[PDB]
Number of protein chains: 4
Amino acid sequence: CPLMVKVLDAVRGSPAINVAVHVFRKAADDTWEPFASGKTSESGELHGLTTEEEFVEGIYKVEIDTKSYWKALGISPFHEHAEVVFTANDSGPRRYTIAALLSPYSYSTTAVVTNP
Amino acid sequence: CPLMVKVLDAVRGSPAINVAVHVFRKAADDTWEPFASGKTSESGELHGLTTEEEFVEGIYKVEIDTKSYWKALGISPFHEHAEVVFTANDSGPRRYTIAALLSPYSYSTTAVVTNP
Amino acid sequence: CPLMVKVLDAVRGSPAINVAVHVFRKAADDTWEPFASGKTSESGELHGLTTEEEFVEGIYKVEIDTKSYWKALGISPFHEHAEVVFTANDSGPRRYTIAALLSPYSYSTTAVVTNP
Amino acid sequence: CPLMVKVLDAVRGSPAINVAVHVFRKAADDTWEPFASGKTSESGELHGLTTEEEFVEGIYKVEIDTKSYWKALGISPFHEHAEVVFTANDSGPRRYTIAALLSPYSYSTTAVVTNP
Ligand SMILES: Oc1nc(Cl)c(Cl)cc1Cl
Ligand SMILES: Oc1nc(Cl)c(Cl)cc1Cl
Ligand SMILES: Oc1nc(Cl)c(Cl)cc1Cl
Ligand SMILES: Oc1nc(Cl)c(Cl)cc1Cl
Ligand code: NA
Ligand code: NA
């Protein structure tokens, strides 16, 4: 698991379950190419997006579909989604956890980067 | 003012209005002495708490009555209050803004310390 | 202004000054069109981006050049930029403040939407 | 583990290791009685503070010693500590995770409450 996403709900005090996440990687022509996608589990975690072999150097975009999450709960939120954009693996392989804390008009994101 | 407090609501995307705020100063016997208090305005801001003459170096505590705020909106929150404890230092810049961003099960706080 | 952007620095406890901000509007073909831009002032604020006449309903993206900000302080940051994507809706209140709080490996953003 | 504390460092993009945490419980005479203490591990987590039997109903204060953490790293931070104050177990036993994200002039805290 070189790439993991974890999402929490600041209104309910709970993991954010069933949040859709789409990952893109910037291509040689400067467009965002689809790279991996999934949804958070009952623990708010999304595991298994990619592998060490496939997760090469690049600029990645992790799109967290916060609007779909809030609307599936019947609430009207402010943001369309949360985008986390970063260069990965430029000094060799690392393990990345992208965490997000969600409210209807606010979110926070942080990264935990470790060296295996 | 040397000290200003600003409170925001992450659920509704609005200032947090009519929130009670109490400021205390640590006394020599390690107890908290009342220092100043008020309620946030329509902009979420509380001005006029103290003066330069009165705001000497020391340890201060800002207590924000977040539980009453959420209950008046019909929401059951997690925290009893939000407390911000810091040292005022004359070497640093002269004006302190204590900002807090509120959700039912979370809050964040940051200090903006500037010189006019 | 109908749209204002404010950026704060969580490491130094200060406004984030001279941060580049680009605003885009989603066009009918799903591409991002340049809409407005500027640099934050000494207060961390960027005023005057647009007018009521120009700021019609639609999807907007605010891109904050956080990577350049940290590099000019001699700090290597995680994110390429911070992006805030939202729908402007005439039914809601009239003035939007997009606030962001920056650290090298995290950021938060909140929307304060008010009526004068 | 009915009570767990997790702490992250937003400057380093890492767990906050070796953070001291003191938990207090409000006594019948309205004072804060020491309840449990410990320090975060290499994963930023603090396990084993208490037991189901001992973690009765009450108002608890979780004090996270952020100043000692930053100073042990040679940095001068703003806050003395972070205090998280909440009523626990008022509707029967629950499991509580208190999470905190730290920067020198800012912190965020959230709670995850689950029913075993
Ligand atoms: O396990 C976890 N990991 C991270 Cl990174 C956060 Cl922010 C929160 C939790 Cl509970
Ligand atoms: O957590 C926070 N986030 C933002 Cl965006 C602001 Cl302006 C202030 C705080 Cl304390
Ligand atoms: O003036 C301010 N405005 C906003 Cl919107 C935030 Cl989040 C924080 C501050 Cl200090
Ligand atoms: O402010 C915060 N932000 C994030 Cl992303 C997590 Cl996981 C936890 C907290 Cl307290
Ligand atoms: Na390289
Ligand atoms: Na009860």
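Numbers run from 1 along the shown chain.
Structure method, as recorded: X-ray crystallography, 1.6 Å.
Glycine is treated like the rest: Cβ placed from N, Cα and C.
The L-thyroxine binding site feature in Swiss-Prot is assigned to A:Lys6, A:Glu45, A:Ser108; the stated evidence is experimental evidence. For A:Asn89, the entry in Swiss-Prot reads N-linked glycosylation site. Under the heading sulfocysteine, Swiss-Prot lists A:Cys1, citing experimental evidence as support. Feature annotation from Swiss-Prot assigns 4-carboxyglutamate to A:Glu33. Annotation source Swiss-Prot lists phosphoserine at A:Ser43.
Shown here: features listed in Swiss-Prot, placed on the structure.
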{"residue": "A:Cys1", "record": "sulfocysteine", "DSSP (3 states)": "coil"}
{"residue": "A:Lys6", "record": "L-thyroxine binding site", "DSSP (3 states)": "strand"}
{"residue": "A:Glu33", "record": "4-carboxyglutamate", "DSSP (3 states)": "strand"}
{"residue": "A:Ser43", "record": "phosphoserine", "DSSP (3 states)": "coil"}
{"residue": "A:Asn89", "record": "N-linked glycosylation site", "DSSP (3 states)": "coil"}
{"residue": "A:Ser108", "record": "L-thyroxine binding site", "DSSP (3 states)": "strand"}
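By a Cβ separation below 8 angstroms, chain D lies close to these of the recorded positions A:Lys6, A:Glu33, A:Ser43, A:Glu45, A:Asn89, A:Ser108: A:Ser108. Listed recorded positions A:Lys6, A:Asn89, A:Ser108 compared with chain C at a CB cut-off under 8 A give A:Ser108 as the close ones. If you compare Cα positions, A:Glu45 (L-thyroxine binding site) sits closest to A:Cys1 out of the recorded positions A:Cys1, A:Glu33, A:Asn89. Per-site Cβ counts within 10 Å over the recorded positions A:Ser43, A:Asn89, A:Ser108 peak at A:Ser108. Applying an 8 A CB threshold to same-chain residues 6+ apart, the list for A:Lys6 (L-thyroxine binding site) reads A:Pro15, A:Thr40, A:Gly44, A:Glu45, A:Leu46, A:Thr97, A:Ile98, A:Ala99, A:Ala100. Listed recorded positions near A:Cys1 (sulfocysteine): none (candidates A:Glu33, A:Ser43, A:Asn89, A:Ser108; Cα-Cα distance within 10 Å). Between the candidate recorded positions, A:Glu33, A:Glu45, the densest Cβ environment within 10 Å is the one around A:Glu45.
Within the set of recorded positions A:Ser43, A:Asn89, A:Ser108, the entry lying nearest in space to A:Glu33 (4-carboxyglutamate) is A:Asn89 (CA atoms).
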